[PDB]
Amino acid sequence: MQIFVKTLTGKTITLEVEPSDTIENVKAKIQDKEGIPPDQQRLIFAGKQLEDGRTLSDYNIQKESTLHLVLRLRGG
Amino acid sequence: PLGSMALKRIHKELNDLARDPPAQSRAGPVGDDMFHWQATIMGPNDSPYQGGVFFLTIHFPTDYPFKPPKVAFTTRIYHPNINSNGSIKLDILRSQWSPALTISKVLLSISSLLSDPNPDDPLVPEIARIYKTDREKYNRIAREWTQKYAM
């Protein structure tokens, strides 16, 4: 399925994913498209930050959902 | 040269603190240099830092209040958002600074940070993980460090 990830600029990043994809895997896809390391990504859906070891399905993130991406510097 | 307005703002904030002194922090200059303050905060009640007394160092930039003050602990503290150099991962000291914020409000937010850690955005990943998976152990070690270093 397809999901959308919006940055603070308003840029939408379109990703191909499955419900069983871990948050870490979604971040890896983000890194492939934008060059941003996973540890430096904060992914947010419906106001809740998404934990790396959890999955899209864990948060009930269904097809065509919009996630928000905030960046941190290396080391946090 | 830049710095005159910043000095005026610094004076205003000192005036604010004198008119409405907080109960659990103190802050101000410690010499001729008004751009360098010492701060002293109590760890919040209903936290493992309760009763601890922590020192901070504050350096105002010449373009204050456009840019935030630099604020760091000088007392060692065990906390997912504060590292061994005393740097503090707090939104309002970095990308979310507003010139409308004051030192008194910064000290309040640092208090809130101590009472409610943010393991979503750690400076110390090892500590954030302990906070998430074993709160009792986090609390014990935070208190041990408070006893050792904040007294």
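Our subject is the structure that appears above.
Reading the values: the criteria
Residues numbered from 1 in each chain as written, not as in the entry; some residues may be left out. Chains lettered and ligands numbered in written order. Heavy atoms only, no water. Contact = heavy atoms within 4.5 Å. Buried area = accessible area lost by both parts, 1.4 Å probe. Salt bridge = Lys/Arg side-chain N within 4 Å of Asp/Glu carboxyl O. Polar contact = N/O pair within 3.5 Å; in protein donor to acceptor, adjacent residues only side chain to side chain. Helix = DSSP H or I, 4+ residues; strand = E, 2+ residues; numbered from the N terminus. Buried < 20%, exposed > 50% of the residue type's maximum accessible area, 1.4 Å probe, protein only. Pairing = 2+ DSSP bridges. Axes fitted to C-alpha atoms, helices over the stretch in contact; angles between N-to-C directions.

Caption draft 1: View of the interface of chain A and chain B. In this assembly, seven residues from chain A lie in contact with seven residues from chain B. Note on chain A versus chain B: buried area summed over both sides is about 540 Å², and carbon and sulfur give 31% of it. Contact with chain B buries area across many residues of chain A, yet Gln49, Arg72 and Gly76 of chain A alone supply 56% of it, more than any other trio. At the boundary of chain A with chain B, the tally comes to three salt bridges. In this structure, the salt-bridge partner of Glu51 of chain A is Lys132 of chain B, at a minimum N-O distance of 3.6 Å. Our enumeration of links across chain A and chain B arrives at six residue pairs in polar contact.

Caption draft 2: Layout of the side chain of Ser65 of chain A. By the secondary structure assignment, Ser65 of chain A is in the loop between β4 (48–49) and β5 (66–71). Setting aside anything within four residues of it in sequence, one finds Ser65 of chain A in contact with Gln2, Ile3, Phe4 and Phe45 of chain A.

Caption draft 3: Spatial organisation of the pattern of salt bridges. In the structure shown here, the tally under the stated rule is eight salt bridges over all chains. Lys27 of chain A serves as the salt-bridge partner of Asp52 of chain A, at 2.6 Å between the closest nitrogen and oxygen. On the criterion of sequence distance, the pair formed by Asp52 of chain A in the loop between β4 and β5 and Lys27 of chain A in helix α1 (residues 23–34) is long-range, its members being 25 residues apart. Ionic pairing is found between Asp121 of chain B and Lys89 of chain B, a salt bridge with its closest N-O pair at 3.4 Å. You can see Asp121 of chain B sitting in the loop between α2 (103–115) and α3 (125–133) and its partner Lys89 of chain B sitting in the loop between β4 (70–73) and α2, a full 32 residues away along the chain. Taking relative accessible area as the criterion, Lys89 of chain B reaches 7% and is therefore assigned buried. Connected through shared salt-bridge partners, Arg42 and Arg72 of chain A together with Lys89 and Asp121 of chain B make up one network.

Caption draft 4: Representation of the sheet that holds strand β2 (residues 12–16) of chain A in the model. Residue and element names in this part refer to chain A. Strand order in this open sheet of five strands is β2-β1-β5-β3-β4, and the pairing throughout is mixed. The open sheet has two edge strands, β2 and β4, and neither has a second partner. For strand β1 (residues 2–7) and β5, the ladder comprises four bridges, and the chain directions are parallel. Looking at β5, one finds that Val5 is bridged to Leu67. α1 contacts β1, β2, β3 (41–45) and β5 of the sheet and is inclined by roughly 120 degrees relative to β2.

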